[PDB]
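S.K.: I have a structure I would like to understand better, so I am pasting it below and will then ask my questions one at a time.
Derivation of every value follows stated rules applied to the coordinates shown; laboratory data play no part. Using ideal geometry, Cβ is built from the backbone for each residue, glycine included, and neighbour counts are taken over all protein chains shown.
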Amino acid sequence: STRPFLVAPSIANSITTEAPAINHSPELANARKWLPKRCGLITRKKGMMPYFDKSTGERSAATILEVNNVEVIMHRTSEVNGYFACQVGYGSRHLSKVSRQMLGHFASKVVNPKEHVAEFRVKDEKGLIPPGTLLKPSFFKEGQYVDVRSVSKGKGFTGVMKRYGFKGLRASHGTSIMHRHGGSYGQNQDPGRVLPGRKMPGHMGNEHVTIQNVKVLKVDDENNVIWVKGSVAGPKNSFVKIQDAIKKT
Amino acid sequence: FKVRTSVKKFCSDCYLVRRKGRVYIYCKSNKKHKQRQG
Amino acid sequence: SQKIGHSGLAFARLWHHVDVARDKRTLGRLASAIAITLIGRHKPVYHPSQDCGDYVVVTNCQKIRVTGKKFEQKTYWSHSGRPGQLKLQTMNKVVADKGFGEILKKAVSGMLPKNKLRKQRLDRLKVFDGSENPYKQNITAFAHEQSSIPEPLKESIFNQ
Amino acid sequence: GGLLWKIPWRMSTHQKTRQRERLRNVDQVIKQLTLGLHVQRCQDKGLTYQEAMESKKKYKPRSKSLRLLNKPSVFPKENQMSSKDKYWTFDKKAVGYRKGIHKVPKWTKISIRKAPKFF
Amino acid sequence: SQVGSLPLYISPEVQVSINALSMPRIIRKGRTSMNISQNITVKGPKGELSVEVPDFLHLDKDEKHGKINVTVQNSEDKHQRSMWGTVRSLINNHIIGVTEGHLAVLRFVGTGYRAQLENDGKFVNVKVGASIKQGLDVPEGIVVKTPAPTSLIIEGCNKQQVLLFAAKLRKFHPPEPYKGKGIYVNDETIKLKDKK
RNA sequence: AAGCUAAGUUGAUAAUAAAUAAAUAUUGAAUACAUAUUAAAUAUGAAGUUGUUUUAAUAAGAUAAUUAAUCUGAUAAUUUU
RNA sequence: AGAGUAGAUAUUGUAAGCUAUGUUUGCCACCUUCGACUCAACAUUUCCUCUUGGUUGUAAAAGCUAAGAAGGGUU
RNA sequence: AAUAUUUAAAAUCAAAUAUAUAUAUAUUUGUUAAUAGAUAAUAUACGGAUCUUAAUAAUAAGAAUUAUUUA
RNA sequence: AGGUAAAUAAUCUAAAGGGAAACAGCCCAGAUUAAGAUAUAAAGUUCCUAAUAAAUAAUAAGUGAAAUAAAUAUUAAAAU
Ligand SMILES: [Mg+2]
Ligand SMILES: [Mg+2]
Ligand SMILES: [Mg+2]
Ligand SMILES: [Mg+2]
Ligand SMILES: [Mg+2]
Ligand SMILES: [Mg+2]
Ligand SMILES: [Mg+2]
Ligand SMILES: [Mg+2]
Ligand SMILES: [Mg+2]
Ligand SMILES: [Mg+2]
Ligand SMILES: [Mg+2]
Ligand SMILES: [Mg+2]
Ligand SMILES: [Mg+2]
Ligand SMILES: [Mg+2]
Ligand SMILES: [Mg+2]
Ligand SMILES: [Mg+2]
Ligand SMILES: [Mg+2]
Ligand SMILES: [Mg+2]
Ligand SMILES: [Mg+2]
Ligand SMILES: [Mg+2]
Ligand SMILES: [Mg+2]
Ligand SMILES: [Zn+2]
């Protein structure tokens, strides 16, 4: 009845011993990490306008981050995925735009075809929100601090003056044909090569930018927007993550 | 501490110790007599 | 005349277990022993032009012997190319990062011949800090050895 | 000293064994030379080869250089020699007044058994 | 050797046992080794406490006169001989602790230099010239008590642990030479400098 | 006016934690004393180290769909985020 | 040796002794551009910042001297 | 145990060889170690890996350093 | 001084081969053309890399492991 198999004595008679835990494991990394105790929500940077404090009279530039159809699609767990995170989805998209596979995924998770999806990593299993629920601006409290991730404005192929604040050469006094140049780019022969990471002209902007400890000036569920003190990376209609500030409480 | 190659005990109250692969001379009376071998 | 026949068994890649808990060799000597196996020098059919070396599964690698104070002194180096980026890690630190198996692998790599087959040979080495491993089922075995092993242990191994 | 003559200050075990073997060979050569002379002298007196080989009283060599080589005070055997004189020459300009024999040029051919009494 | 040869006296209430460990550990030196197998215990009135000890050492319990001896398999072995004098001394200290108890008086010296039991004995608050509050938790086994504010007493079964704790307490402010001022553990002295 | 900009605006100088350096100790032999140990045990300790934080790269893993009246991409057009 | 109110070794350290460095001025002859601007990378023999030993010459505060330390900074 | 030198086979003793030979004479050989001192600039730099062993327990490892040797 | 000036010997010069990591001059050894069984030289024999097993001591410092760094200091060890 049983299948034929041979087993080595060396592997059978080996005394059982558990492996020691390693730093470059997922679970150790998770333990190390500095993470927020609560989920976040995806937003769109609609624009920017003044916020007048009515008690003091102080004016503060505030960016208006709109919150539309923001929904916990699913979430990830340490036993399956190696970490705790809430996959949030923002907005509504047409059928036409979304891939068949993505549409099926959304149907399985029981949400509308979504405009932008993103994870929000958390410390514990307690931080996970039940899936399918709708996240509104009232999630955040007025006066609380939040970290803000988004892709910055694209600046194109920039020079070393704009990239790195290089002083450049003089305007007059003989200076020929190199007024905005980086000057020397190395050393005669010992290096015999431009060493890695030498600040040179290149593409700038259109990279992710976390902005830490920004104050939530105002929250209102009526207009579907979170007011946030100061600037946020990227153009108008750019997607903006918002989670509680790890540094500030 | 007088960090030096030569490490002799000065007074009777000085005592030599061997720690961390270095000869130390501590002293119970005079604190100036503290020495270390390199 | 000697060469003529069925050569398939000669060039067969066997799988060699080594329970490091049982083995009494130090790290480097063990690595050197492994290297030969990985190359295929042990087998008489060997030729330098042909890779014909066996698999080596190392297990219970946490109990590997290291003499002197090498565990807290011996430094493993690394360098990208950009100056001021020399990464020097002590043996214990390397172990904490990855394991004792990583350490063994490095030794074995250094033992091996420096050419296009080296990487392949290194890949064939399968090291494990503790006991449990997927290759348990594929180590070379014989029917005459089966009486030594108790009845239910074999079944448990097969299940695993 | 920009050019690198990478010669070690001391010899390996295998080098030392080879040196010892070489020393032994020169002693053997000397022994053979004395023995052959003795045999020849026995033959001249009127014995057979075998009889000469058997002979109790072996004849010592009359020529000067051979006689000197036979003397251990002048030319010692490898078994007689000190450990130091096998592997270290006298060099007055070196510290310790000593230098490895392997540092001598053509040390494999050139013989040098006897060092000074206190150097 | 001269220490380890000295026999230990025991009173009927105290029992010095010995037995093998559950999982013996081996200390590996450069050339020599040292396998910790046995585990001596000193049970008594005030408490009980143990010493993990090498294999080469073993007791010699005598019924008559309450004496026990300690010996090693090779006294001419240097490491063993060094261990022998240590272990005997350790078990003597344990005996002393279980029967009598070890003590460590800290006297505070200075204007507003004093100790206080803050967490019902579980945290010795120490005020010794600092804006920030200073102190540390008492370990298990250690019992602290304060007859005066400026005179604290630490008490325990382990001579090692109590005197370590006392040293830690002192470390906040050791005695200054100019004014005999700080925290003095037991009979501690300091040569006072001339004022000038 | 838009845009772009700094003279302008907003934020950050990335914790907690772990092991250490010099240095400071506990018990304690070898060596009747002494000795923080170049002995066994037990503790402190740095703008440094490990990390943490941030960016870029990679893609283990995960959800879903699976020869298609509208599967997934590209070529094409209108464009700019 | 000698200064250091006293005490060579807190701090100082003649002339002579033993080394390291390849930062100066030379010597050799294998080998036929100083400064400014711009951007700097590396070292540590540390100037500042952090930790610490000594300082009848650390009361305090400023110092002096020594050990660890190249993270950040250094018109 | 303590004090103070020396680190030596010249003397001395021991061992071996050669001449008369159970002895004498002559010759040859045998007398410390570790650490600190310790040190710059593209990057660790024994050529590299790596090398000091450990009972239970292996048909099995235990310098791959230094010194004197053997097969 | 990898300096300079000559004395003696060798090699290079004009010499390929093995060793010395790489190498004009060092250690071996002199290519007429092959063959590859046997003796080998210098140098080696854990792996990279052709080839190894032992004995007696010492080191614990990775000292050292084919390019030996000094006075002096400390700790041992022998002999008197
Ligand atoms: Mg300009
Ligand atoms: Mg112009
Ligand atoms: Mg004591
Ligand atoms: Mg003490
Ligand atoms: Mg810190
Ligand atoms: Mg004077
Ligand atoms: Mg002078
Ligand atoms: Mg120069
Ligand atoms: Mg420094
Ligand atoms: Mg002060
Ligand atoms: Mg840091
Ligand atoms: Mg003599
Ligand atoms: Mg280097
Ligand atoms: Mg080598
Ligand atoms: Mg010349
Ligand atoms: Mg010519
Ligand atoms: Mg040639
Ligand atoms: Mg010629
Ligand atoms: Mg010829
Ligand atoms: Mg080394
Ligand atoms: Mg070298
Ligand atoms: Zn003193």
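S.K.: Is there a residue being away from ligand 22 (no atom under 16 Å from the Cβ), without any contact (Cβ under 8 Å) to a residue 40 or more places away in the chain and within 12 Å of chain A (Cβ to nearest Cβ) anywhere in the range C:51-63? Steps first, please.
M.R.: The first filter runs over the range C:51-63 and keeps only residues away from ligand 22 (no atom under 16 Å from the Cβ), leaving C:51-63.
From what is left, the residues that are without any contact (Cβ under 8 Å) to a residue 40 or more places away in the chain are none.
No, there is no match, as no residue in the range C:51-63 is away from ligand 22 (no atom under 16 Å from the Cβ), without any contact (Cβ under 8 Å) to a residue 40 or more places away in the chain and within 12 Å of chain A (Cβ to nearest Cβ).
S.K.: Is it the case that the range D:4-15 has a residue that's within 16 Å of RNA strand G (Cβ to nearest atom) and aromatic (F, W, Y)?
M.R.: Within the range D:4-15, one or more residues are within 16 Å of RNA strand G (Cβ to nearest atom) and aromatic (F, W, Y).
S.K.: Taking into account only those residues within the range B:12-38 that are more than 14 Å from chain E (Cβ to nearest Cβ) and touching a helix residue (DSSP H, G or I) at 6+ places or on another chain (Cβ under 9 Å), which is nearest to RNA strand H (Cβ to nearest atom)?
M.R.: Among residues in the range B:12-38 that are more than 14 Å from chain E (Cβ to nearest Cβ) and touching a helix residue (DSSP H, G or I) at 6+ places or on another chain (Cβ under 9 Å), the one nearest to RNA strand H (Cβ to nearest atom) is B:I25.
S.K.: For the range A:227-249, indicate whether the set of residues that are in contact (Cβ under 8 Å) with a residue 12 or more places away in the chain and more than 30 Å from A:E71 (Cα to Cα) is non-empty. Steps first, please.
M.R.: Of the residues in the range A:227-249, the ones in contact (Cβ under 8 Å) with a residue 12 or more places away in the chain are A:227-249.
Going one step further and asking which of them are more than 30 Å from A:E71 (Cα to Cα), we end up with none.
No: the range A:227-249 contains no residue that is in contact (Cβ under 8 Å) with a residue 12 or more places away in the chain and more than 30 Å from A:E71 (Cα to Cα).
S.K.: May I ask you to verify whether D:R41 is assigned to a helix (DSSP H, G or I), closer than 30 Å to D:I101 by Cα and either out of contact with any strand residue (DSSP E or B) (no Cβ under 8 Å at 6 or more places or on another chain) or away from RNA strand H (no atom under 16 Å from the Cβ) (or both)?
M.R.: no
S.K.: Still on this structure, please answer the following. Among the listed residues D:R62, D:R41, D:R10, D:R20, identify the single one that is basic (K, R) and exposed (fewer than 11 other Cβ atoms within 10 Å of the Cβ). I'd like the intermediate steps shown before the answer.
M.R.: Numbers: D:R41 fails: exposed (fewer than 11 other Cβ atoms within 10 Å of the Cβ); D:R10 fails: exposed (fewer than 11 other Cβ atoms within 10 Å of the Cβ); D:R20 fails: exposed (fewer than 11 other Cβ atoms within 10 Å of the Cβ).
It is D:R62.
S.K.: Would you please name the residue that is nearest to the other protein chains (Cβ to nearest Cβ), looking only at residues in the range A:156-165 that are more than 12 Å from ligand 1 (Cβ to nearest atom) and exposed (fewer than 13 other Cβ atoms within 10 Å of the Cβ)?
M.R.: By that ranking, first place goes to A:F157.
S.K.: Of the conditions (1) crowded, with 17+ Cβ neighbours inside 10 Å; (2) in contact with a helix residue (DSSP H, G or I) (Cβ under 8 Å, 6 or more places away or on another chain); (3) within 16 Å of C:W15 (Cα to Cα), C:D129 clears all except one; give me its number.
M.R.: (3)
S.K.: Another question, then. Residues in the range E:88-125 that are in a strand (DSSP E or B) and touching a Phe, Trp or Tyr at 6+ places or on another chain (Cβ under 9 Å): how many?
M.R.: The qualifying residues number 10.
S.K.: Condition first: closer than 12 Å to A:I11 by Cβ, more than 8 Å from chain A (Cβ to nearest Cβ) and surrounded by 13 or more Cβ atoms within 10 Å (Cβ to Cβ). Now tell me which residues in the range C:138-160 satisfy that.
M.R.: C:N138
S.K.: Next up: Please list, ordered by first then second residue, the pairs with beta carbon atoms under 9 Å, 6 or more apart or interchain, first in the range A:166-188 and within 14 Å of chain C (Cβ to nearest Cβ) and without any contact (Cβ under 8 Å) to a residue 24 or more places away in the chain, second within 10 Å of ligand 1 (Cβ to nearest atom) and assigned to a loop (DSSP other than H, G, I, E, B).
M.R.: none
S.K.: Tell me, please, whether a residue that is more than 7 Å from RNA strand H (Cβ to nearest atom), of a type in the set (A, V, I, L, M) and without any contact (Cβ under 8 Å) to a residue 12 or more places away in the chain can be found in the range C:28-39.
M.R.: Going through the range C:28-39, the residues more than 7 Å from RNA strand H (Cβ to nearest atom) turn out to be C:30, C:33-39.
Retained after the next criterion (residues that are of a type in the set (A, V, I, L, M)): C:30, C:33-36, C:38-39.
So of that shortlist, the ones also without any contact (Cβ under 8 Å) to a residue 12 or more places away in the chain come out as C:33, C:36.
Yes, because at least one residue in the range C:28-39 is more than 7 Å from RNA strand H (Cβ to nearest atom), of a type in the set (A, V, I, L, M) and without any contact (Cβ under 8 Å) to a residue 12 or more places away in the chain.
S.K.: Let me ask something else. Name the residues in the range D:78-107 that are more than 20 Å from D:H14 (Cβ to Cβ) and in a helix (DSSP H, G or I), would you?
M.R.: None - no residue of the range D:78-107 is more than 20 Å from D:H14 (Cβ to Cβ) and in a helix (DSSP H, G or I), so the list stays empty.
S.K.: Here's another thing I want to ask about it. Specify the residue that is farthest from the other protein chains (Cβ to nearest Cβ); the eligible residues are those in the range A:1-21 that are surrounded by 10 or more Cβ atoms within 10 Å (Cβ to Cβ) and more than 19 Å from C:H144 (Cβ to Cβ).
M.R.: A:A21
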